[PDB]
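Remarks on the structure that follows.
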């Protein structure tokens with residue numbers, strides 16, 4: 073008996089089940105579909121307060 | 006006849022413009038003298054005869070002083086804001102009340118709200134044109150101050166508006182024909198002084214131009230001629246609020262010298278604050294704007310709305 077094998081499960085599993093030059097190129101399968109944000113560096117504002125300052 | 010009407014309307018506008026400009030330029034001396042005596046100083050008494058031509062002297066200095074324009078291409082945008090600010094501070098006058106018809110200007114209160122609103126754009130773009138973080142912080146702090154107070158300013162107006170039964174300012178005179186209106190709305194007067202003081206950015210609410218925290222706020226990157234226009238614009242503003250305080254609370258007696266006596270006393274009162282109070286913090290002022298004044302104004306709104314309902318009931 074043939075059962076659905078990893079080849080049959082690789083029929084799908086691309087971003088397009090009939091992958092093309094572009095979809096096959098880049099893939100974005102975050103399984104959870106809930107990708108956490110990645111913290112950035114929020115550079116602050118710089119003030120040369122003084123000397124010329126009351 | 007008809008063209009008699011128009012010619013006079015333009016003469017009055019023009020005549021008022023020269024007077025208000027010369028007055029505020031000349032008023033600057035009264036600040037310098039008066040503050041000089043609050044402090045134990047003697048104030049300017051050197052030039053001319055007792056420092057009378059001191060403000061003309063100042064203008065000559067400025068216009069002679071070059072125009073240290075900021076970075077190369079900003080010429081226009083830096084040259085716009087002073088025009089667009091002095092324009093508001095003057096043109097706001099035309100709605101002021103007369104018995105001698107200057108205009109039939111109805112919705113005068115609305116127009117007051119509008120002109121007092123437009124100050125934000127002038128200061129903000131002025132700082133933006135300057136392109137200096139010192140100037141930029143000043144603009145933002147200036148913007149926040151003005152915008153926050155307008156909220157309270159509007160509801161405060163409505164209390165008077167209901168108490169007079171129209172938006173036409175002139176009815177302030179008819180309703181004050183017997184007894185002044187301060188003695189009825191005393192707390193509103195203190196609040197209205199603070200609102201007016203906040204609008205013109207004077208101290209204790211001196212964050213916009215300020216000193217010792219920002220070098221001059223938005224003003225810091227302004228050369229002579231632009232600076233003179235801003236400086237005149239502010240004082241045209243401080244006078245107008247003094248007038249508005251007079252016409253609301255203190256009689257609106259346009260055809261009586263005592264009204265002009267009251268103008269000087271109120272404008273003096275502004276200075277009297279200038280030399281007394283210290284400055285606020287940012288946040289403490291915002292508490293004072295939202296958490297204190299807005300509550301205050303709403304209560305009186307809900308107080309006087311019922312009162313006029315009762316008044317309407319009686320008659």
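Protein chains in written order, with our numbering: chain P, 73 to 126; chain R, 6 to 320. Beta carbons: idealized from backbone N, C-alpha and C, even for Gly.
| task | Closer than 7 Å by beta-carbon distance: list the chain R residues that pair up with residue 119 of chain P, in chain order. | result | Within 7 Å Cβ-Cβ: 138.
| Between the C-alpha atoms of residue 259 of chain R and residue 55 of chain R, what's the straight-line distance to the nearest angstrom? | Near 31 Å, if we compare the C-alpha coordinates of residue 55 of chain R and residue 259 of chain R.
| query | How many angstroms separate the CA atom of residue 310 of chain R from the CA atom of residue 216 of chain R? | reply | The straight-line gap from Cα to Cα measures roughly 42 Å.
| task | Give a yes or no on whether the C-beta atoms belonging to residue 280 of chain R and residue 45 of chain R are separated by under 9 Å. | result | No Cβ-Cβ contact shorter than 9 Å links residue 280 of chain R with residue 45 of chain R.
| query | Is residue 71 of chain R helix, strand or coil when you go by DSSP? | reply | DSSP places residue 71 of chain R in coil when its eight states are reduced to three.
| task | Quick one: give me the first and last residue of the alpha helix (DSSP H) that residue 175 of chain R is part of. | result | Note, residue 175 of chain R: premise wrong, no alpha helix (DSSP H); not H, not E.
| The alpha helix (DSSP H) enclosing residue 39 of chain R, as first and last residue numbers | That run of the alpha helix (DSSP H) goes 7-43.
| said: Under 9 Å, Cβ to Cβ, is there at least one residue of chain R near residue 123 of chain P? | reply: Not an interface residue.
| Alpha carbon to alpha carbon, what distance is there between residue 206 of chain R and residue 59 of chain R? | Taking the straight line joining both Cα atoms gives about 24 Å.
| request: Report the residues of the segment 100-111 of chain P with a CB closer than 8 Å to any CB of chain R, ordered along the chain. | output: From the segment 100-111 of chain P, no residue has a Cβ closer than 8 Å to chain R.
| Cβ neighbours of residue 230 of chain R in the same chain (closer than 7 Å, five flanking residues each side left out) | Only 67, 68 and 72 meet the Cβ criterion.
| request: Can you tell me which of the three DSSP states residue 185 of chain R falls into? | output: Note: residue 185 of chain R maps to coil in three-state DSSP.
| task | Tell me whether residue 190 of chain R is buried or exposed, calling it buried when 16 or more other Cβ atoms sit within 10 Å of its Cβ. | result | Buried is the label assigned to residue 190 of chain R, since at least 16 other Cβ atoms lie within 10 Å of its Cβ.
| Name the chain R residues whose beta carbon is nearer than 7 Å to that of residue 126 of chain P? | The answer, in chain order, is 216 and 217.
| Between residue 50 of chain R and residue 57 of chain R, what straight-line distance do the alpha-carbon atoms span, to the nearest angstrom? | So the two alpha carbons sit approximately 8 Å from each other.
| task | Kindly list, in the order they appear in chain P, the residues whose Cβ is closer than 9 Å to that of residue 220 of chain R. | result | Per Cβ cutoff of 9 Å: 124, 125 and 126.
| said: residue 302 of chain R and residue 271 of chain R - do their beta-carbons sit closer together than 9 Å? | reply: No.
| Do the CB positions of residue 11 of chain R and residue 161 of chain R come within less than 9 Å of each other? | No.
| Backbone CA spacing between residue 203 of chain R and residue 53 of chain R [nearest angstrom] | Spanning the two alpha carbons is a distance of roughly 34 Å.
| query | Just the Cα atoms here: how many angstroms apart are residue 313 of chain R and residue 176 of chain R? | reply | Near 16 Å, if we compare the C-alpha coordinates of residue 176 of chain R and residue 313 of chain R.
| query | Cβ-heavy atom distance between residue 237 of chain R and the ligand COA below 8 Å? | reply | Only the bare structure without any ligand can be found here, which leaves the ligand COA out of the picture.
| said: With H, G and I counted as helix, E and B as strand and the rest as coil, what does DSSP make of residue 203 of chain R? | reply: Of the three classes helix, strand and coil, the one that applies to residue 203 of chain R here is helix, per DSSP.
| message | Helix, strand or coil, according to DSSP, for residue 133 of chain R in the structure here? | response | Helix at residue 133 of chain R.
| Roughly how many angstroms lie between the CA atoms of residue 118 of chain P and residue 144 of chain R, to the nearest whole one? | Each residue's Cα considered, the two are about 17 Å apart.
| Helix or strand or just coil, what does DSSP make of residue 256 of chain R? | Residue 256 of chain R: coil per DSSP, three-state reduction.
| residue 90 of chain R - containing alpha helix (DSSP H), residue span | Start and end: 80-96.
| field | Short Cβ contact (9 Å threshold) for residue 28 of chain R with residue 107 of chain R | value | Contact: no.
| request: Please confirm whether residue 249 of chain R and residue 300 of chain R have their CB atoms less than 9 Å apart. | output: No. Outside cutoff.
| Could you give the distance in angstroms between the alpha-carbon of residue 221 of chain R and the alpha-carbon of residue 140 of chain R? | Whole-angstrom Cα-Cα distance: 8 Å.
| Where residue 172 of chain R and residue 123 of chain P are concerned, what is the direct C-alpha to C-alpha distance, given to the nearest angstrom? | Taking the straight line joining both Cα atoms gives about 52 Å.
| Among R/319, R/218, R/126 and R/292, which residue has its Cα nearest to the Cα of residue 92 of chain R? | It is R/126.
| field | Beta-carbon contacts of residue 113 of chain R that lie in its chain and below 6 Å, excluding the five residues immediately before and after | value | For residue 113 of chain R, same chain residues with a beta-carbon under 6 Å away, outside a window of 5 residues either side, are 100 and 174 in chain order.
| For residue 282 of chain R and residue 209 of chain R, believed in contact at Cβ under 8 Å, the rounded distance | 4 Å between Cβ atoms; contact.
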